[PDB]
Protein chains: 4
Amino acid sequence: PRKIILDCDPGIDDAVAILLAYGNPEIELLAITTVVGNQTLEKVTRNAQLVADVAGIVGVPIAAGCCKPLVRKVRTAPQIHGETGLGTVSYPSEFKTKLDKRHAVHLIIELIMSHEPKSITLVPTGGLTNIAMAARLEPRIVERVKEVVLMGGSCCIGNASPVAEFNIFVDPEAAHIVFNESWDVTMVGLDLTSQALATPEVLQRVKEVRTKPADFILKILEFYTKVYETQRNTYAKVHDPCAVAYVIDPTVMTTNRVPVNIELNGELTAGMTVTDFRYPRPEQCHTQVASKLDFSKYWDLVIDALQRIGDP
Amino acid sequence: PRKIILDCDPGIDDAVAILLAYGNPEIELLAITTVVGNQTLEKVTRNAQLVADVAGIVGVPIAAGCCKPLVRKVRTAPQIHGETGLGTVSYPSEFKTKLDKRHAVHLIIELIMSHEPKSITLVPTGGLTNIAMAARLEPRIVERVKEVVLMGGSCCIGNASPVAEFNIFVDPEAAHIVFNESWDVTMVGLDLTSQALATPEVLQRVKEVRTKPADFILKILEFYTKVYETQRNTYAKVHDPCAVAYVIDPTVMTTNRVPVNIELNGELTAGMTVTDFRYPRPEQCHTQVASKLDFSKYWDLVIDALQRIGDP
Amino acid sequence: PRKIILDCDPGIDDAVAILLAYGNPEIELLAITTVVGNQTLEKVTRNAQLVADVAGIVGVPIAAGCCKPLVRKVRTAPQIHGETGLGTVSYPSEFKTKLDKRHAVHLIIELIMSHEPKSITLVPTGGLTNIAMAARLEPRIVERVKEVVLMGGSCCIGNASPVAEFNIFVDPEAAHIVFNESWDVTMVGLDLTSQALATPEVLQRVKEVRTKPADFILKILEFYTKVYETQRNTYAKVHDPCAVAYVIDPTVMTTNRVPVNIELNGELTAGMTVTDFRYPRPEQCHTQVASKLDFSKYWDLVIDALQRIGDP
Amino acid sequence: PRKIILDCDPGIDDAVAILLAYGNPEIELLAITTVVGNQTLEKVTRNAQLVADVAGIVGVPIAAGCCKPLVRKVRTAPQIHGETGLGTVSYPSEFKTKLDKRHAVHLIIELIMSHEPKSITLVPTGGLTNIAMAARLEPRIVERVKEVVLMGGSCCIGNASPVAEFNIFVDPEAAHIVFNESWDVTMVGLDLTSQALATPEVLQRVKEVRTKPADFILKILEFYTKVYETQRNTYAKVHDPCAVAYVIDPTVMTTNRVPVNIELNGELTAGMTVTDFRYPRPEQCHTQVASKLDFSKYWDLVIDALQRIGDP
Ligand SMILES: OC[C@H]1O[C@@H](O)[C@H](O)[C@@H]1O
Ligand SMILES: OC[C@H]1O[C@@H](O)[C@H](O)[C@@H]1O
Ligand SMILES: OC[C@H]1O[C@@H](O)[C@H](O)[C@@H]1O
Ligand SMILES: OC[C@H]1O[C@@H](O)[C@H](O)[C@@H]1O
Ligand SMILES: [Ca+2]
Ligand SMILES: [Ca+2]
Ligand SMILES: [Ca+2]
Ligand SMILES: [Ca+2]
């Protein structure tokens, strides 16, 4: 199995990504680390604990990371994930899954420096603040990581701005750090995740798993669906598990190696992932961008993970 | 017929656009105005005169405009259009078509203020310097123009930069002026013109027109083809007549009304046409962007214009 | 005498500059051209006509120029010059001084191309829009002008922003055009004009000229004084005649030749005149920046001009 | 005495600042932390060890921090501090002063969280990378610090660029983090430190201390002098001890409370400390900028520290 660290900001689709990573046997989930983004750090961390309580995730540390972007002001997304960050779910008075005492940045560094070289894939699905901080605090992690597979970016059409995707937009400086390090980066951007639609058939399949964790996922996906239908005129785009799915089986999506850099100073374009598709593409390009999704394979992976989790 | 002013920087595809505008009976070509861009102003103006000499264009003033962009340094494209701006053609010792004494900006203003309101379409196919200058020198032209239909811009993939198209890139400030005036603007960008391919069948049809102007077009298109095949790994994209074709018959391409603005200060993205496709689109949007080309109709229009010009 | 074109946006200190240029025998005032800035173009043009009516200026064309900056939105300064642009003065039902039929940009070009080379100094005391437009529409004026002496800019402390001075701030693109042309430019910036204080002794000297034009100047300077005392905690800074004064007698101020460029894209610094005082200064630098004012000589020039105008 | 952490990049004037902090009895020097800047991190850290060996500094941890700026590329200053970072001094085969095992960022956080609140002043005299990293990794340090007194910035004239000072220029993002946190910041910028001249009388006083550490300081100051005389046409500006001197005795310099922010995106002005001196100044402004130096008091403090260190 592939060892990963899942760095996230749950977040309704982050929650699905946690359960895909936990339920799929090709993934060894070493840690869930949280970052400010969809909601404040306090809220997304509580949300990660709720997901772990729901699915019975034991032995996987949950560590809270950065509560602010590197440079820019905090921006949250309650219009998409709700004031709580998980729609209309309710919370227990106390969580079974306790928080790790280590800052996420410290846990990321410790895991990378103590595991064998080239064995851990970083899977960020929120802003890149923790990843950037870790890379600058312990530069030896950059060559030691297997690769980075992140949900974020967009070649053309944004969501947080006309041209920028939310995870990059909320911390462009951190994204610039990650994309300009020498490690291999796979950008699973909106071009790809716009295809990860929670169609009625998908929601029906989740309902038919017939477990409490699947009921939980269906509940938050039904909230997420109403927001996307109302605010965006589409079915809900379940972005973040696409990054975990690539690690499970890269044939779940096509990719193209192209140069990618992060715009920091544009008036209209700050937070854009600027991609260069012009001919010729440079050789030994360390960045690749995802393009076409195997829709059936993707949702089969999500459903299979929910089936394997069962009713803990 | 629709009256137009064709503002251009010939330029191999500009030359095709001149002949489409001249040969098609739905266009009343009022003037050919030139601007620095593909080559220096002196060269592109001589090239416009050569095209007029080749096709026997009489009674249409050719006026030279701005020799520098508004703010940024002159950038030419000899790697695409040759050191002369028209590939390997030869020039007569003297042109039959003489240059108008008026600066292009003055001719544009004079034509718009003397013709009936809402009767003239501006068709820019180079940098937007002359159009911007005219709008600022005589602001009354903005409401008097029928509309602006320009070749330029790109929603996603650029040519002059990863994300910017040449005509916008060479004078972003002038583009910002044009796109932020109240007149209707149709942006016939690279998304559209990347489909205007000079395939072998197209070049064969040009050869079979069997006229000296068609031979001229075939010659410059064969140069243009070798440059695109070598530098870009595609057939040649014959961009500029797409803007004239829209004026002839808007059903030759689909369009979408979306907000468009011009990035001026990005490190990576200066010169980008930033388009906002997010839902919901604003009402009464004064900009629209072209999307899908009717390939057969487009090339039929070009071939028909060459047939109608005949051998003058 | 030195021929000048005074390009301005009256504007209380512009009005003083008009009368200094008109009254001083070392200046041959060829034209008053107006630009949007302190107020709308309509208002500052009416204000120029009022100044000409008050002082009996005959045979000097007043031509209205650009009503918008090149790229950025119109910004006016009614908090400094009043809703009318001249404080609380009243206007006649009809002006004696009629407006020239030519756009200011056309008049500037015509004057420069018809007078002997190197004989006319351009003296801008508003935004640089007209000057930039003229330079781009007829590039031959750049080498034909004697030099440009402008009121604008600041090495350190701004007024319109922390670091930018108003005339540059309201059209940074036009300033960038002017400062990057090859002509000699003298920047009479806030470092200098902050010393041009209308102290009680100065206002007393204006009162003692005992003419109707001096009464007019005293009236607008008393408004200007109340605004500066209230909003800025200083006496009024009478900036614009400093540029005319340099043309009369360059020993009225010290200058330093240093590179100067215009910031266009900074979030905080757009509109800054970026000056490079670091050692070593380049040779044959075409820009110089004013530093120390001969306070007594400056106000003696203003008072002498008012005395020479007398009561027309 | 005032507890400080001296964060620095020795650096010839940093070396003087270390000895002022060590020798003056009003300072309790808790740590010397190093950052990339004047030279690579490896070199400036070795240089800090050499200074500690020369002056016999025991019981003060030296901890190496960040080897790269947050976002931008490494920039060093061998033209000012030499290829080694300390001019032409020689190095022992082994240092007596050993390096702390903790990263500087970890040591800064540990010291602030373990000492009483509001007892430690941070004194950065290099790029602000470590300070910014510490503030983001443990946000509780921001309210716990007494204040930040840094050498960096400039109101008007820069050194690394026309308008930017080196320490801000080499990591503008880190500076933006520091200046936009709620802690009190005193900016001891070039306006102030340009007055800290190593005149012949100053160098003579250093020579007359007649100790090996003073000989060391004289040697590096003589190199520093030759660089400033040759490259800058001034005596050497000994910047960094000015920040320590303010902590010893704030009356050694005047200050003004004014808003200060950091320009990140300007083409010409990135790295500028943008100061707002316009009237009125906001109340309870958390930033102040140094202005006039008590030259005699400043150099008396430096000489007295060298005398107190003696010959260890
Ligand atoms: O732009 C998509 C990203 O933004 C969030 O709303 C989602 O969790 C996802 O990571
Ligand atoms: O980017 C396409 C544009 O650039 C030029 O090379 C062509 O003439 C066309 O107008
Ligand atoms: O910044 C000074 C400039 O701004 C205007 O208010 C004055 O007329 C002057 O030209
Ligand atoms: O700009 C002055 C700063 O730059 C360095 O050269 C000095 O050590 C000082 O900290
Ligand atoms: Ca997420
Ligand atoms: Ca063209
Ligand atoms: Ca003015
Ligand atoms: Ca230093």
# chains A, B, ... in the order shown; residues from 1 in each chain; ligands from 1
>>> residues_around(residues="residue 72 of chain B", least_positions_apart="3", cutoff="10 Å", atoms="only C-alpha atoms", output="MDAnalysis selection string")
(chainID B and resid 68:69 75 169:173) or (chainID C and resid 173 176:177)
>>> write_last_selection(atoms="N, CA and C atoms", output="PDB file, in the first residue's frame")
ATOM      1  N   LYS B  68       4.057  52.656 -31.811  1.00  0.00           N
ATOM      2  CA  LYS B  68       4.433  52.087 -30.528  1.00  0.00           C
ATOM      3  C   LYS B  68       3.159  51.740 -29.782  1.00  0.00           C
ATOM      4  N   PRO B  69       3.200  50.721 -28.922  1.00  0.00           N
ATOM      5  CA  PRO B  69       2.110  50.514 -27.967  1.00  0.00           C
ATOM      6  C   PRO B  69       1.972  51.736 -27.071  1.00  0.00           C
ATOM      7  N   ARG B  75       7.058  44.963 -29.466  1.00  0.00           N
ATOM      8  CA  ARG B  75       7.354  43.546 -29.621  1.00  0.00           C
ATOM      9  C   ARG B  75       6.809  43.124 -30.974  1.00  0.00           C
ATOM     10  N   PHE B 169      -1.378  40.974 -25.605  1.00  0.00           N
ATOM     11  CA  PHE B 169      -0.074  41.027 -24.963  1.00  0.00           C
ATOM     12  C   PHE B 169       0.754  42.218 -25.421  1.00  0.00           C
ATOM     13  N   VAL B 170       0.688  42.570 -26.713  1.00  0.00           N
ATOM     14  CA  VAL B 170       1.574  43.632 -27.188  1.00  0.00           C
ATOM     15  C   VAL B 170       1.090  45.005 -26.765  1.00  0.00           C
ATOM     16  N   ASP B 171      -0.155  45.160 -26.314  1.00  0.00           N
ATOM     17  CA  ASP B 171      -0.607  46.437 -25.749  1.00  0.00           C
ATOM     18  C   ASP B 171      -1.753  46.203 -24.766  1.00  0.00           C
ATOM     19  N   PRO B 172      -1.422  45.732 -23.563  1.00  0.00           N
ATOM     20  CA  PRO B 172      -2.481  45.395 -22.600  1.00  0.00           C
ATOM     21  C   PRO B 172      -3.283  46.613 -22.186  1.00  0.00           C
ATOM     22  N   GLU B 173      -2.609  47.755 -22.022  1.00  0.00           N
ATOM     23  CA  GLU B 173      -3.306  48.984 -21.656  1.00  0.00           C
ATOM     24  C   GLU B 173      -4.340  49.364 -22.704  1.00  0.00           C
TER      25      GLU B 173
ATOM     26  N   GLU C 173      -0.187  55.660 -16.100  1.00  0.00           N
ATOM     27  CA  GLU C 173       0.216  55.252 -17.442  1.00  0.00           C
ATOM     28  C   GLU C 173       0.687  56.443 -18.262  1.00  0.00           C
ATOM     29  N   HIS C 176       4.048  57.379 -17.072  1.00  0.00           N
ATOM     30  CA  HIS C 176       5.066  56.436 -17.518  1.00  0.00           C
ATOM     31  C   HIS C 176       5.487  56.737 -18.946  1.00  0.00           C
ATOM     32  N   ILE C 177       4.519  57.062 -19.808  1.00  0.00           N
ATOM     33  CA  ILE C 177       4.854  57.464 -21.173  1.00  0.00           C
ATOM     34  C   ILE C 177       5.772  58.682 -21.166  1.00  0.00           C
TER      35      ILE C 177
END
>>> residues_near_ligand(ligand="ligand 4", cutoff="10 Å", atoms="only C-alpha atoms and all ligand atoms", output="MDAnalysis selection string")
chainID D and resid 8:17 37:39 76:81 85 124:127 150:154 158:160 164:170 188:190 193:194 224 237:243
>>> closest_atom_pairs(of="chain C", to="chain D", cutoff="7 Å", atoms="only C-alpha atoms", output="CSV")
residue,atom,partner,partner_atom,distance
C:155,CA,D:156,CA,6.8
C:156,CA,D:156,CA,4.9
C:157,CA,D:277,CA,6.8
C:159,CA,D:278,CA,7.0
C:162,CA,D:276,CA,4.6
C:232,CA,D:279,CA,5.3
C:233,CA,D:279,CA,6.9
C:263,CA,D:268,CA,6.1
C:265,CA,D:266,CA,5.2
C:266,CA,D:266,CA,3.6
C:267,CA,D:265,CA,6.3
C:268,CA,D:263,CA,6.1
C:269,CA,D:266,CA,7.0
C:275,CA,D:162,CA,6.4
C:276,CA,D:162,CA,4.6
C:277,CA,D:157,CA,6.8
C:278,CA,D:162,CA,6.7
C:279,CA,D:232,CA,5.3
>>> write_last_selection(atoms="N, CA, C and O atoms", output="tab-separated table (two decimals), in the first residue's frame")
chain	number	residue	atom	x	y	z
C	155	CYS	N	9.66	62.32	-4.20
C	155	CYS	CA	10.65	61.30	-3.92
C	155	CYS	C	10.23	60.40	-2.76
C	155	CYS	O	10.47	59.19	-2.81
C	156	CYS	N	9.51	60.94	-1.77
C	156	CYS	CA	9.28	60.20	-0.53
C	156	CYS	C	7.82	60.18	-0.07
C	156	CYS	O	7.19	59.12	0.06
C	157	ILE	N	7.29	61.36	0.26
C	157	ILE	CA	5.99	61.49	0.90
C	157	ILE	C	4.98	61.97	-0.13
C	157	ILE	O	5.20	62.98	-0.81
C	159	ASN	N	0.71	62.72	-1.45
C	159	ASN	CA	-0.51	63.34	-0.93
C	159	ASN	C	-1.72	62.49	-1.31
C	159	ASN	O	-2.51	62.13	-0.43
C	162	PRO	N	0.09	57.35	0.38
C	162	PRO	CA	1.27	57.55	1.24
C	162	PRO	C	2.51	57.97	0.47
C	162	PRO	O	3.32	58.76	1.00
C	232	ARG	N	-4.77	69.15	6.46
C	232	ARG	CA	-3.37	68.76	6.40
C	232	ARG	C	-2.50	69.34	7.51
C	232	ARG	O	-1.35	68.91	7.65
C	233	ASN	N	-3.01	70.29	8.31
C	233	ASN	CA	-2.25	70.88	9.41
C	233	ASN	C	-1.02	71.64	8.93
C	233	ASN	O	0.00	71.72	9.62
C	263	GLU	N	5.86	53.72	-11.10
C	263	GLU	CA	5.30	52.43	-10.70
C	263	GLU	C	3.85	52.30	-11.16
C	263	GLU	O	2.99	53.13	-10.83
C	265	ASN	N	2.21	48.92	-11.13
C	265	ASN	CA	1.47	47.75	-10.70
C	265	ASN	C	1.49	47.48	-9.21
C	265	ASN	O	0.79	46.56	-8.78
C	266	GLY	N	2.13	48.31	-8.40
C	266	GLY	CA	2.16	48.05	-6.97
C	266	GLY	C	0.80	48.22	-6.31
C	266	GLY	O	0.04	49.15	-6.61
C	267	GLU	N	0.53	47.35	-5.35
C	267	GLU	CA	-0.70	47.42	-4.58
C	267	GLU	C	-0.75	48.70	-3.77
C	267	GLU	O	-1.77	49.39	-3.72
C	268	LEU	N	0.38	49.05	-3.15
C	268	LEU	CA	0.46	50.23	-2.31
C	268	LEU	C	1.09	51.41	-3.00
C	268	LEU	O	0.93	52.54	-2.53
C	269	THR	N	1.85	51.16	-4.07
C	269	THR	CA	2.76	52.16	-4.60
C	269	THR	C	2.42	52.59	-6.02
C	269	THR	O	3.18	53.36	-6.61
C	275	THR	N	12.51	57.11	-7.70
C	275	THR	CA	13.74	57.84	-8.00
C	275	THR	C	14.91	57.03	-7.48
C	275	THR	O	14.80	56.34	-6.47
C	276	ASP	N	16.05	57.08	-8.19
C	276	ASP	CA	17.20	56.28	-7.76
C	276	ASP	C	18.35	57.23	-7.42
C	276	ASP	O	19.10	57.67	-8.30
C	277	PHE	N	18.50	57.53	-6.14
C	277	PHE	CA	19.58	58.39	-5.67
C	277	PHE	C	20.85	57.63	-5.33
C	277	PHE	O	21.83	58.24	-4.88
C	278	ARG	N	20.88	56.32	-5.54
C	278	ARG	CA	22.04	55.55	-5.14
C	278	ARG	C	23.27	55.89	-5.98
C	278	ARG	O	23.17	56.26	-7.16
C	279	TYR	N	24.39	55.76	-5.39
C	279	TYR	CA	25.64	56.01	-6.09
C	279	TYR	C	26.09	54.77	-6.87
C	279	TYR	O	25.96	53.65	-6.38
>>> select_by_dssp(residues="segment 45-293 of chain A", states="helix (DSSP H, G or I)", output="number ranges by chain")
A: 45-55, 78-81, 104-114, 129-137, 140-144, 166-169, 172-179, 190-193, 200-209, 212-232, 241-248, 250-252
>>> closest_residue(among="B:258, B:196, B:60, B:137", to="ligand 2", atoms="only C-alpha atoms and all ligand atoms")
B:196
>>> residues_around(residues="segment 99-108 of chain A", least_positions_apart="6", cutoff="6 Å", atoms="only C-alpha atoms", output="PDB file with C-alpha atoms, in the first residue's frame")
ATOM      1  CA  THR A  33      -3.458  17.008   9.314  1.00  0.00           C
ATOM      2  CA  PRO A  61      -3.149  10.854  14.470  1.00  0.00           C
ATOM      3  CA  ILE A  62      -5.196  13.975  13.783  1.00  0.00           C
ATOM      4  CA  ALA A  63      -2.993  17.052  14.143  1.00  0.00           C
ATOM      5  CA  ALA A  64      -4.082  20.662  13.796  1.00  0.00           C
ATOM      6  CA  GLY A  65      -1.842  22.893  11.703  1.00  0.00           C
ATOM      7  CA  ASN A 130       1.206  23.447   6.277  1.00  0.00           C
ATOM      8  CA  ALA A 134       7.108  22.122   6.586  1.00  0.00           C
TER       9      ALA A 134
END
>>> residues_around(residues="segment 199-210 of chain D", least_positions_apart="3", cutoff="8 Å", atoms="only C-alpha atoms", output="number ranges by chain")
D: 214-215, 217-218, 221, 235-236, 299, 303, 306-307
>>> atom_distance(atom1="atom CA of residue 120 of chain C", atom2="atom CA of residue 284 of chain C")
21.2 Å
>>> atom_distance(atom1="atom CA of residue 257 of chain C", atom2="atom CA of residue 180 of chain C")
14.7 Å
